[PDB]
Amino acid sequence: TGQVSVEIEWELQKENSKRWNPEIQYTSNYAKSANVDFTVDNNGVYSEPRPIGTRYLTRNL
Amino acid sequence: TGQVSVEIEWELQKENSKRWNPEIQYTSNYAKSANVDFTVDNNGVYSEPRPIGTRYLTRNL
Amino acid sequence: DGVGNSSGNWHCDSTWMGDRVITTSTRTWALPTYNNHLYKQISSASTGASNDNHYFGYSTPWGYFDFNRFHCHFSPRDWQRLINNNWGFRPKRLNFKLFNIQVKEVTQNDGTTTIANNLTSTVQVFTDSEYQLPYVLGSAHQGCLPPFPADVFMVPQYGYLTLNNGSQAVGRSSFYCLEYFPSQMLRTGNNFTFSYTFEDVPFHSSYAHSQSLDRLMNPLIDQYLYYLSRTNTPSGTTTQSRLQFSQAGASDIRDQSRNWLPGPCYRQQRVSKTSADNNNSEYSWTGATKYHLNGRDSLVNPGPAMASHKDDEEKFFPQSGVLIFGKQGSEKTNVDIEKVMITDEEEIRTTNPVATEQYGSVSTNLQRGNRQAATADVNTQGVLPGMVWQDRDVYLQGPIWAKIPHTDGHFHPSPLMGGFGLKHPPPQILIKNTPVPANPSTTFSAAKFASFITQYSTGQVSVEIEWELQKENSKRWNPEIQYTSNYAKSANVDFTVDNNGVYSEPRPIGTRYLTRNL
Amino acid sequence: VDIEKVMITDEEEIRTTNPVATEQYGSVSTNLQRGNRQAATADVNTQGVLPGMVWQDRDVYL
Amino acid sequence: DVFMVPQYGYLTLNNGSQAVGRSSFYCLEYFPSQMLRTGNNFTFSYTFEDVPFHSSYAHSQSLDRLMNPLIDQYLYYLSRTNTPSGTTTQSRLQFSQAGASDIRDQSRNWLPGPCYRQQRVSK
Amino acid sequence: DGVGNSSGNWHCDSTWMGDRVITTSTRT
Amino acid sequence: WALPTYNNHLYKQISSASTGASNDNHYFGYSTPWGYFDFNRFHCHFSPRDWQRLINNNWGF
Amino acid sequence: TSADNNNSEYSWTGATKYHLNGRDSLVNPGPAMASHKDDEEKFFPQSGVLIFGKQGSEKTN
């Protein structure tokens, strides 16, 4: 047994957008729930509720 | 008549948050609509649909 | 600087220097106020449009300058000096000016019209150099600088389309307020300039080819490769199957081995300039060649670059496959074939397939001898390794460049209408009259002004493009084909005004005359 | 496992450029017309790359 | 969470269940290894070669609609192949000029991406 | 300075820089 | 991590023989005593919060 | 094998052709593709392979 440690450095491209109205963003629903999403449950099991894509921000074709 | 120009410089305090699960964010609804919000209409009138508060991100009390 | 000084000189000249050529042109423009200074959304709602025809977008008070056609920068004489002597050309450097701006008030009070200057009022101009705005200049719209330098043109209105579902907006649709960008406010006595450098782009090819992709061989010598000449023999008083192999030479010129393949194809329907040879049904939309994107199909124009017709038949052309220009004074809707001038791509058939014909044939099944061999025809062919093709031709009346969409992938960015694909094109230049309010009421009110002074502005615009040339070096003995004006007498010289002052261009002029070895 | 036990990704942000997976690419003229013969078209199910095509790569997920 | 390290294995050329004979065999013991004991550690660093940015944006406008809806094109297309003239239909080619009225008929510089078609099923 | 010269340009842009942000707006 | 001994320190060949597999399903290969580290999924390197901080603010990475 | 082939003359008609400027020519050798499947060594594509002559091979048939 042992420990493993991975470290990745990522380069980002920042959004520069002149649109007037607001973007679509990724948000967690604010309504009440028996279990917070992306969280353990009372038995200790971690679950991911839905897949999360990478494209929300919009840009001119 | 004439032109008026105001320029304000703001200082920001960046979010540093170690929570695991995702934040609540401000988002425009992605469903289709006859009029995009925060946009002019076919007569040229600009309207703001709802008030937008400043507090979404969360922090430990 | 002042009211009495002049902002700039008229330079329309061109200088041919060395392998460079520098073309310059100046025009006079007039800018109305569009929309009454209002941003409005536009759509296909209430129109009763078919699913293919729906759109959603915004129209703006702004207007824009479009120099994106060749005859803006070239006279007919400078164009044949270009295409007769040169194998290729590309744009290098650009320069732009607005000067001698004049704003003018209008007065309808008496029922007469009354016009006076306004020395104080301004006009605001910004160039979009970071490419945040939707780029409209690549769609071959009207409103470009006039062909003939003596003409005054009206600056076209700016507007754009965004995502729609039916007539409704999607919600990922975006809205741009052009007032939200830094502008330069010009008053009479102020001028506006900027310069732009094109990134490295391939030379356009002004040559044709001297020899077809079929015939690259030496006809005298024979190949050392074999092919399958005969599958059966008369031997035995009846036919029996025996494979013979033969060696390919001028006797059978079609059977040789070759290193290269013709370019790709997306097939078109064939129509004839002769009214009698066409079918009597309406196939215009139903028999068309379409692509299907997001549940709505649109027509393919002009499409991938393909030859117009075979050797013999000049009258046939592909339905959607060619660029069609109108003659001077041609109406918008349902004009007869005599009112339009149809381009002819036939110089390109050395490599590219014919638009109306099939690409080839392909074996359908395996044969045994209880089963004969069968083939099927290939109407659509994507790129294969070892294919060579030519881009579509450039015309004096046609577009210079297009903007390459910003996407994860694209293949051979050359635009389909012809011209130079550019990741960063020449920026858009947007211009607008600054609103001047009519007298407000003396008591205060928070509603915005619906009343303005009626006014418009005029001025001078000057565009200067530097082109790089590739000179012809050709060792052929006999003379080239050149572009020539017919020497016979005529009531009107071509590319010339008539007795009423109207300038007309008789026929489209392609860029490829000189020939070169494939 | 039943469809409730799996989470299916949705690529619909990409349909600005790329075609819909289940739909045809387009239609293409099959034959030459004369006027003893009407024009006919056939549908293109498979399309390889042509010059002047633009597309988006598939999306990245957590 | 604690995870168990997965086993390494590979496939090579086969004809049926049998090997081809151009199939290869690799003994991993045949490579230089670093032998670690409790109190030893192992590190290495790696630099990615230049690769395109992934695209986290969507698009604001479809490849169909890149046009200015207000202005009209100067190119023509073939609008009508026949005429009612003559109390019966006869073949005459008319050409029209494309604008917001007919938005599907305009000339365009670009084509959609490629396709390899799938069968459709419903949730 | 004069009648024919312009007194100032239209700047409506905003720049997000570092922890600073600078917003600018012009009106008539 | 925890690493068992696989195969009892033996290289073995594996195949679809005796399984009665269709022609599409045949294979031939080798399994080894070794094991390997796989960090090739994104949620190894990102929390759900660091992922929406990524995708909401950035055009590319 | 001479017996497994069909008795008709398909040499040109059953061939794989491309059509350029109103005249169709044969594709040789064509794009690079495998000659045969795993089992069957005797089959080869009609126009798809390079065919060399042995020393002292005549020109025709």
# chains A, B, ... in the order shown; residues from 1 in each chain; ligands from 1
>>> calpha_fit_and_write(fixed="chain A", moving="chain B", output="compact mmCIF listing (two decimals) with C-alpha atoms, in the first residue's frame")
# COMPACT_ATOMS: atom_id res chain seq x y z
CA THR B 1 0.00 0.00 0.00
CA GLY B 2 1.06 3.60 -0.23
CA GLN B 3 0.23 7.11 -1.34
CA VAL B 4 0.05 8.52 -4.86
CA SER B 5 0.03 12.21 -5.73
CA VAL B 6 -0.62 13.71 -9.17
CA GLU B 7 -0.21 17.40 -9.97
CA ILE B 8 -1.29 18.87 -13.31
CA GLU B 9 -0.79 22.48 -14.39
CA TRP B 10 -3.47 23.76 -16.76
CA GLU B 11 -3.46 26.81 -18.99
CA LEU B 12 -6.68 28.76 -19.29
CA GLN B 13 -8.19 31.03 -21.93
CA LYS B 14 -10.20 33.73 -20.21
CA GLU B 15 -13.62 34.76 -21.45
CA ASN B 16 -13.84 38.19 -23.06
CA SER B 17 -17.47 38.73 -24.04
CA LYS B 18 -19.23 41.95 -24.96
CA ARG B 19 -22.79 40.61 -24.98
CA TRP B 20 -25.24 42.71 -23.02
CA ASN B 21 -27.53 40.11 -21.48
CA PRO B 22 -26.44 37.41 -19.01
CA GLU B 23 -24.84 34.08 -19.89
CA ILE B 24 -26.10 30.64 -19.07
CA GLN B 25 -24.12 29.33 -16.10
CA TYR B 26 -23.87 25.98 -14.37
CA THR B 27 -25.82 26.15 -11.12
CA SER B 28 -26.93 23.81 -8.36
CA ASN B 29 -30.68 23.98 -7.77
CA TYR B 30 -31.49 26.00 -4.67
CA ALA B 31 -34.55 23.97 -3.70
CA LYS B 32 -34.46 21.80 -0.61
CA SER B 33 -33.51 18.14 -0.93
CA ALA B 34 -32.93 15.10 1.25
CA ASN B 35 -29.38 14.90 -0.12
CA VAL B 36 -27.07 17.59 -1.41
CA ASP B 37 -25.74 16.66 -4.83
CA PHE B 38 -22.08 15.68 -5.18
CA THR B 39 -22.03 14.72 -1.52
CA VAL B 40 -21.86 11.64 0.66
CA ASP B 41 -25.01 10.16 2.13
CA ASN B 42 -25.76 8.89 5.61
CA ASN B 43 -24.00 5.59 4.79
CA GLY B 44 -20.85 7.32 3.56
CA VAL B 45 -21.31 6.66 -0.16
CA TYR B 46 -20.30 9.42 -2.57
CA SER B 47 -22.44 9.85 -5.67
CA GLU B 48 -22.43 12.13 -8.71
CA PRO B 49 -26.01 12.89 -9.75
CA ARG B 50 -25.59 13.96 -13.38
CA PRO B 51 -22.82 14.45 -15.96
CA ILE B 52 -21.45 17.96 -16.33
CA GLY B 53 -20.37 19.11 -19.77
CA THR B 54 -17.78 21.77 -20.32
CA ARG B 55 -19.62 24.20 -22.62
CA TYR B 56 -21.97 26.85 -21.20
CA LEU B 57 -20.48 30.20 -22.18
CA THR B 58 -21.43 31.29 -25.67
CA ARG B 59 -19.46 32.85 -28.50
CA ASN B 60 -20.05 34.16 -32.02
CA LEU B 61 -19.64 31.64 -34.81
>>> select_by_dssp(residues="chain A", states="strand (DSSP E or B)", output="list in words")
residues 13, 14, 40, 46, 53, 58 and 59 of chain A
>>> write_last_selection(atoms="C-alpha atoms", output="mmCIF file, in the first residue's frame")
data_model
loop_
_atom_site.group_PDB
_atom_site.id
_atom_site.type_symbol
_atom_site.label_atom_id
_atom_site.label_comp_id
_atom_site.auth_asym_id
_atom_site.auth_seq_id
_atom_site.Cartn_x
_atom_site.Cartn_y
_atom_site.Cartn_z
ATOM 1 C CA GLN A 13 -8.185 31.029 -21.926
ATOM 2 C CA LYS A 14 -10.198 33.731 -20.212
ATOM 3 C CA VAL A 40 -21.855 11.638 0.664
ATOM 4 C CA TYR A 46 -20.301 9.421 -2.568
ATOM 5 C CA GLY A 53 -20.374 19.111 -19.766
ATOM 6 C CA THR A 58 -21.432 31.287 -25.674
ATOM 7 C CA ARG A 59 -19.458 32.854 -28.500
#
>>> residues_around(residues="residue 53 of chain D", least_positions_apart="5", cutoff="7 Å", atoms="only C-alpha atoms", output="PyMOL selection string")
(chain C and resi 410-411) or (chain E and resi 110-113)
>>> atom_distance(atom1="atom CA of residue 37 of chain D", atom2="atom CA of residue 271 of chain C")
12.5 Å
>>> interface_residues(of="chain F", to="chain C", cutoff="10 Å", atoms="only C-alpha atoms", output="list in words")
residues 1, 2, 3, 4, 5, 6, 7, 8, 9, 10, 11, 12, 13, 14, 24, 25, 26, 27 and 28 of chain F
>>> closest_residue(among="D:40, D:14, D:35, D:62", to="chain A", atoms="only C-alpha atoms")
D:62
>>> residues_around(residues="residue 20 of chain H", least_positions_apart="6", cutoff="12 Å", atoms="only C-alpha atoms", output="number ranges by chain")
C: 212-215, 254, 261-265, 306-307, 309-311, 348-361; H: 26-27
>>> write_last_selection(atoms="N, CA and C atoms", output="tab-separated table (two decimals), in the first residue's frame")
chain	number	residue	atom	x	y	z
C	212	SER	N	-4.57	17.46	-68.53
C	212	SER	CA	-5.53	16.91	-67.60
C	212	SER	C	-4.86	15.93	-66.66
C	213	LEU	N	-5.54	15.67	-65.54
C	213	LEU	CA	-5.03	14.74	-64.55
C	213	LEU	C	-5.09	13.31	-65.05
C	214	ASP	N	-5.92	13.03	-66.05
C	214	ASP	CA	-5.88	11.73	-66.70
C	214	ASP	C	-4.56	11.52	-67.41
C	215	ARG	N	-4.15	12.47	-68.24
C	215	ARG	CA	-2.99	12.29	-69.10
C	215	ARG	C	-1.82	13.03	-68.46
C	254	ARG	N	-6.69	4.41	-70.98
C	254	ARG	CA	-7.56	4.53	-69.82
C	254	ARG	C	-7.23	3.52	-68.74
C	261	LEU	N	-5.94	11.18	-57.90
C	261	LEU	CA	-7.38	11.12	-58.09
C	261	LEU	C	-7.96	12.51	-58.25
C	262	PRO	N	-9.10	12.63	-58.92
C	262	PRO	CA	-9.76	13.93	-59.01
C	262	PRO	C	-10.33	14.37	-57.68
C	263	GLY	N	-10.65	15.65	-57.60
C	263	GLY	CA	-11.19	16.24	-56.39
C	263	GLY	C	-12.57	15.72	-56.05
C	264	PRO	N	-13.11	16.14	-54.92
C	264	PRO	CA	-14.38	15.59	-54.44
C	264	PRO	C	-15.58	16.19	-55.16
C	265	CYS	N	-16.76	15.68	-54.82
C	265	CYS	CA	-17.96	16.03	-55.55
C	265	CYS	C	-19.16	16.00	-54.62
C	306	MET	N	-16.62	22.66	-58.71
C	306	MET	CA	-16.81	21.57	-59.66
C	306	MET	C	-17.02	22.18	-61.03
C	307	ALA	N	-16.66	21.43	-62.06
C	307	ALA	CA	-16.79	21.92	-63.42
C	307	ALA	C	-18.26	22.10	-63.79
C	309	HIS	N	-19.68	22.03	-67.01
C	309	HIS	CA	-20.18	21.20	-68.10
C	309	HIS	C	-19.03	20.43	-68.71
C	310	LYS	N	-19.38	19.44	-69.52
C	310	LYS	CA	-18.41	18.60	-70.22
C	310	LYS	C	-17.83	19.36	-71.40
C	311	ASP	N	-17.07	18.65	-72.24
C	311	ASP	CA	-16.41	19.28	-73.38
C	311	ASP	C	-17.41	19.85	-74.37
C	348	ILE	N	-11.73	24.54	-65.03
C	348	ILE	CA	-11.32	23.83	-63.83
C	348	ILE	C	-11.43	22.32	-63.98
C	349	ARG	N	-11.91	21.84	-65.13
C	349	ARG	CA	-12.26	20.44	-65.32
C	349	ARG	C	-11.06	19.56	-65.61
C	350	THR	N	-9.87	20.14	-65.67
C	350	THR	CA	-8.65	19.36	-65.72
C	350	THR	C	-8.50	18.46	-64.50
C	351	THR	N	-8.89	18.96	-63.34
C	351	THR	CA	-8.83	18.20	-62.10
C	351	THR	C	-10.20	17.88	-61.52
C	352	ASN	N	-10.97	18.84	-61.21
C	352	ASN	CA	-12.24	18.68	-60.53
C	352	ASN	C	-13.25	17.97	-61.42
C	353	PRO	N	-14.18	17.22	-60.82
C	353	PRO	CA	-15.22	16.56	-61.60
C	353	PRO	C	-16.25	17.54	-62.10
C	354	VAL	N	-17.05	17.08	-63.06
C	354	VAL	CA	-18.15	17.88	-63.57
C	354	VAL	C	-19.30	17.84	-62.58
C	355	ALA	N	-19.90	19.00	-62.32
C	355	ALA	CA	-20.87	19.13	-61.24
C	355	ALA	C	-22.07	18.21	-61.44
C	356	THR	N	-22.57	18.10	-62.67
C	356	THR	CA	-23.78	17.34	-62.90
C	356	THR	C	-23.53	15.85	-63.02
C	357	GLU	N	-22.35	15.44	-63.46
C	357	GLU	CA	-22.03	14.04	-63.64
C	357	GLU	C	-21.66	13.36	-62.32
C	358	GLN	N	-21.76	12.04	-62.32
C	358	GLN	CA	-21.34	11.21	-61.21
C	358	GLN	C	-19.83	11.27	-61.02
C	359	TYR	N	-19.37	10.88	-59.83
C	359	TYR	CA	-17.94	10.83	-59.58
C	359	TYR	C	-17.31	9.61	-60.22
C	360	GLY	N	-17.96	8.46	-60.09
C	360	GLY	CA	-17.41	7.24	-60.62
C	360	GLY	C	-18.37	6.10	-60.37
C	361	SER	N	-17.84	4.89	-60.41
C	361	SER	CA	-18.60	3.70	-60.06
C	361	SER	C	-17.78	2.86	-59.10
H	26	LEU	N	-9.89	3.85	-65.41
H	26	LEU	CA	-9.80	2.83	-64.38
H	26	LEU	C	-8.95	3.33	-63.22
H	27	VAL	N	-9.28	2.87	-62.02
H	27	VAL	CA	-8.56	3.27	-60.82
H	27	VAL	C	-7.48	2.23	-60.53
